[PDB]
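The block underneath contains the structure these notes are about, expressed in structure tokens.
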Protein chains: 4
Amino acid sequence: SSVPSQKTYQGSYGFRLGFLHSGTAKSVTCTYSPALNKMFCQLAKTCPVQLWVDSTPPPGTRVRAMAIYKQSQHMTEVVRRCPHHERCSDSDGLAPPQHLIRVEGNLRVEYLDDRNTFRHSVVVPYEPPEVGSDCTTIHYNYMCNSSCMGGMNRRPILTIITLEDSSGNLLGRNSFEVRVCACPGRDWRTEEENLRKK
Amino acid sequence: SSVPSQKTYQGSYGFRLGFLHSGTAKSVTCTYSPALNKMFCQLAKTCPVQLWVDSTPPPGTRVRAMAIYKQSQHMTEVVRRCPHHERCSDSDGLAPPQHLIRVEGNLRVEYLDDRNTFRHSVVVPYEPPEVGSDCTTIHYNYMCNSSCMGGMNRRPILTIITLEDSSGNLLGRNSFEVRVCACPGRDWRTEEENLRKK
Amino acid sequence: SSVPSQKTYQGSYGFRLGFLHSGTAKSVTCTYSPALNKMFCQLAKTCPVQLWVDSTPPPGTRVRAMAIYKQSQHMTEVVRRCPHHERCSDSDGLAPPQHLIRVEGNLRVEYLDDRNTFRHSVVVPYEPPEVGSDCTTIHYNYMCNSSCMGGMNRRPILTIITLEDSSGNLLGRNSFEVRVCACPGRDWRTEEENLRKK
Amino acid sequence: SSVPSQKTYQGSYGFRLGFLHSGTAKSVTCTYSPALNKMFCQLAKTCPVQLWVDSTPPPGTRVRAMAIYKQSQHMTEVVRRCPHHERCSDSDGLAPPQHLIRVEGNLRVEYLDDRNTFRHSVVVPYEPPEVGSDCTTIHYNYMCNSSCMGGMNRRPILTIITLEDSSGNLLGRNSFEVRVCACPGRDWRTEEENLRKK
DNA sequence: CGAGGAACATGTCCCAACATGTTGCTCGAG
DNA sequence: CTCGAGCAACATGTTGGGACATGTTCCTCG
Ligand SMILES: [As]
Ligand SMILES: [As]
Ligand SMILES: [As]
Ligand SMILES: [As]
Ligand SMILES: [Zn+2]
Ligand SMILES: [Zn+2]
Ligand SMILES: [Zn+2]
Ligand SMILES: [Zn+2]
């Protein structure tokens, strides 16, 4: 009631998410772990998420992205950037400095603040795949480390991506855990390799 | 001269309770012992209780939660927080500081005080399971240790969850014993392991 | 918030403190450890402190007793009783319920609350030793355990006894650490025996 | 482009600094390394510095304390608390939240902010040693870790203590390096033991 | 150069140990 | 036949510090 749904819902347009499978290096900047359904992303580093749909949705549909804290203790608290990072000037003009999740290189972006929950989100209108493509990509990037004292303060978060009509109705939903850190490469291996033993 | 009924009553909507109980660690924060029908919960730690129903109940139905002391000597006394804990500021805004049981992350919550019995309770309107889910979860948390001098003072309590219509009528009821303590992990094992011998 | 001096000062009247050396039992209620200069006292149990003086001081001299927290972190905070204990009715009429240190069986006692510091103290006029005695005794007792959640909260305290003239001047000062606990006997041995090793 | 002098100057009153030599434990909160002339202090932990003087200075003399960054690159920058720590409410009323160095339990304290340099300091009037004592102690505590992102940001600092007359003149000066950290014990040993090898 | 990957620096966490109040269990009295 | 005083045993919250977590620096090498 106070905490956005995290439930996967492919909807009637077959809304699914994809990620660029890389990892053949060690000095990696952004990577995805299908086992953990978790993305390992460096701070303020562009990372493509791609949208897949069986059918094309009607014009006026938008995709919003919103972080929530994963653990139940913290769910209720709003995910914002840390005092340090909001005050240091790194904006791209458009993005309010307090917002964690911004969208790179999309002029029709809007940064929003729900009047009831107070959560931040970032919405962009849906575009269908370009000709000769199977998916639309959004380039998000996250503007704090997970360990930022005063912000996420070492707590893991989820990123929920919804597909919504003009009127704000839900057409589909997906989610994935995110860890923003200095060494995605290292943190990637450690977590997957810790999983094998257990 | 009135203690609420503690009797299990699944009612005509098949009201039952479920718990995660996942554990598998030692540093556990919340766990459930089916053998003891008891929950072991840390102080102010979110712990999911989930509601199961054969049929969906009519709109306007609400679920209330209320603590009573388990032992017969004490049943009659009202379960409230200790002097220390009511006066220390830890409220979430909504929850009156004297109330033991609060509900995390539900905006339509109400904290009540029965004009006849004087017992506290916390009610939230019933929501059916989200699509592709079998149960509705509530996230309670308990705001004093069981051993709190001046409150429960080392006396065990029960938590009674009822399902009620708008008008206050009973549609179903369940209950489980609760121990709020610093070390749920330890206290869990001890009690189960003490049970085997006897 | 400035802190009363803790400095020993025997002054020009040779103000010293004495205690009844007992300990030949295990079920002890009040005992003194010269090594630690610490008293081990049960809650609300009368314990004699005795005053020794080389010279007799002028009429109108008073002795006040005041607790402060020992550690430097906490010195600044005023020592009061816990929420449980102030609200439970155990007063002897004279003693305000918030005051930690009271004096047994002295009708001319006064309980003071400094309008600037807010510290409590308990003053009684000085009487010289009775004929054929070498010291005057005061019977203090402490109205909370050291471990009282919401009060001293496991922090050790000092008790400062000053000898003051009518005009408020300092004539002498002494101090001793106090631990109020359920088992003085046990807590006595443990601390002395732990001192040897270190 | 004006950095306060760091030069030791014992002056005509023989102004020197002393520290409580402890360290017989591992879980240490505040310690001093004579070799390094450095103090290892936990965050917001009271730590005594003591003033020694051959002769007593005239009434109206004050002692001020001021942090500056040690390295030459950074000297020029003002030492303040981090964005997280200034905004979190932990004040004792008197201390402005941005000030790094505060003084515990002295009511005549003043927090100063130089209209030209913008440096912070904390001044308290000098008191001579209490009777039967060889030094006056001040209880400082530092309100950020050395590693605080957005504040000192892992850069070491110096603490300069001056002895000044009413009129603002210099009567004496001393200094010592400070590291505020979570584990003073560990960080103490590491640095002394690293010194041997080099 | 700097890209890469150690090693380093630095704050947290886990849980056995410890601390501390309470409830048995035992055995010599009124 | 009990009954209570005094310890052992238990109950329960807190601590201590080695192992982790996590960002930053710093040598090695195409
Ligand atoms: As990414
Ligand atoms: As729970
Ligand atoms: As005593
Ligand atoms: As210190
Ligand atoms: Zn940040
Ligand atoms: Zn409580
Ligand atoms: Zn108390
Ligand atoms: Zn800081």
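Chain identifiers are assigned as A, B, and so on, following the order in which chains appear in the structure tokens; residues are numbered from 1 within each chain, and ligands are numbered from 1 in order of appearance.
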
Exercise. Write out as a ChimeraX atom specification all residues of stretch 67-117 of chain C that DSSP puts in alpha helix (DSSP H) for this structure's backbone.
Key: /C:83-87

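Listed by chain and then residue number, the contacts of ligand 7 are residues 43, 80, 81, 82, 83, 84, 85, 86, 100, 143, 144, 145, 146, 147, 148, 149, 150, 151, 152 and 153 of chain C (distance at most 9 Å, using only C-alpha atoms (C1' of nucleotides) and all ligand atoms).
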
Quiz item: Can you list, as a ChimeraX atom specification, every residue of chain A that DSSP puts in strand (DSSP E or B)?
Solution: /A:9,16-19,30-33,38-41,47-52,62-69,101-103,110-113,120-125,136-142,157-164,170-180

With 12 Å as the cut-off and only C-alpha atoms (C1' of nucleotides) counted, what is the closest atom pair between each nearby residue of chain E and chain D? Distances in Å to one decimal, ordered by chain and number, as CSV.
```
residue,atom,partner,partner_atom,distance
E:8,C1',D:190,CA,11.7
E:9,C1',D:154,CA,9.4
E:10,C1',D:147,CA,7.7
E:11,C1',D:182,CA,6.5
E:12,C1',D:182,CA,9.6
```

Quiz prompt | Neighbour list for stretch 62-78 of chain C as a list in words, cut-off 6 Å, only C-alpha atoms (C1' of nucleotides), skip fewer than 2 positions in-chain | solution =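 Selected residues are residues 1, 119, 121, 122, 123, 124, 125, 126, 156, 157, 158, 159, 160, 161, 162, 163 and 164 of chain C; 46 and 105 of chain D.
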
Those same residues, written as a compact mmCIF listing (two decimals), in the first residue's frame with N, CA, C and O atoms?
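The resulting file, selection_25.txt, is reproduced below:
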```txt
# COMPACT_ATOMS: atom_id res chain seq x y z
N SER C 1 27.56 21.85 29.11
CA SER C 1 27.15 21.59 30.53
C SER C 1 28.26 21.19 31.50
O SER C 1 28.65 20.05 31.55
N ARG C 119 21.34 19.12 38.19
CA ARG C 119 21.85 17.93 38.86
C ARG C 119 21.04 17.77 40.15
O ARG C 119 20.51 18.74 40.68
N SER C 121 21.02 16.45 44.17
CA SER C 121 21.85 16.10 45.32
C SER C 121 20.98 15.92 46.55
O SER C 121 19.82 16.29 46.55
N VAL C 122 21.56 15.36 47.60
CA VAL C 122 20.87 15.26 48.87
C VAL C 122 21.78 15.72 49.99
O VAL C 122 22.89 15.21 50.16
N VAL C 123 21.33 16.76 50.70
CA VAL C 123 22.12 17.42 51.74
C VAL C 123 21.54 17.11 53.10
O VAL C 123 20.32 17.04 53.24
N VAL C 124 22.41 16.87 54.08
CA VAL C 124 22.02 16.80 55.50
C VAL C 124 23.05 17.59 56.32
O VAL C 124 24.23 17.59 56.00
N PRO C 125 22.59 18.25 57.39
CA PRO C 125 23.53 19.03 58.20
C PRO C 125 24.52 18.09 58.88
O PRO C 125 24.16 16.94 59.18
N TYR C 126 25.75 18.56 59.05
CA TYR C 126 26.79 17.76 59.69
C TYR C 126 26.51 17.69 61.16
O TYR C 126 26.15 18.69 61.77
N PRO C 156 28.93 3.17 34.60
CA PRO C 156 29.30 3.37 36.00
C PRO C 156 29.25 4.82 36.37
O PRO C 156 29.43 5.70 35.50
N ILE C 157 28.99 5.06 37.66
CA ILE C 157 28.90 6.41 38.22
C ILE C 157 29.83 6.56 39.39
O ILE C 157 30.34 5.58 39.92
N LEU C 158 30.02 7.82 39.77
CA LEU C 158 30.77 8.21 40.95
C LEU C 158 29.81 8.86 41.88
O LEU C 158 28.79 9.37 41.43
N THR C 159 30.15 8.86 43.16
CA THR C 159 29.37 9.53 44.16
C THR C 159 30.32 10.45 44.81
O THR C 159 31.36 10.02 45.32
N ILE C 160 29.99 11.72 44.79
CA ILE C 160 30.86 12.74 45.32
C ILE C 160 30.21 13.26 46.57
O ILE C 160 29.04 13.61 46.56
N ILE C 161 30.96 13.27 47.65
CA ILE C 161 30.46 13.75 48.91
C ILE C 161 31.26 14.98 49.23
O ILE C 161 32.50 14.93 49.31
N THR C 162 30.57 16.11 49.40
CA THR C 162 31.24 17.33 49.82
C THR C 162 30.77 17.75 51.17
O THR C 162 29.68 17.39 51.61
N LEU C 163 31.66 18.49 51.83
CA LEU C 163 31.47 19.08 53.12
C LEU C 163 31.51 20.57 52.83
O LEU C 163 32.50 21.07 52.26
N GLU C 164 30.42 21.25 53.16
CA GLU C 164 30.18 22.65 52.78
C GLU C 164 29.71 23.45 53.97
O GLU C 164 28.99 22.92 54.82
N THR D 46 35.03 11.67 23.60
CA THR D 46 35.72 12.58 24.48
C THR D 46 37.16 12.11 24.66
O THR D 46 37.41 10.92 24.89
N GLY D 105 31.49 19.73 28.00
CA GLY D 105 31.31 20.06 29.42
C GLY D 105 32.10 21.28 29.87
O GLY D 105 32.76 21.24 30.92
```
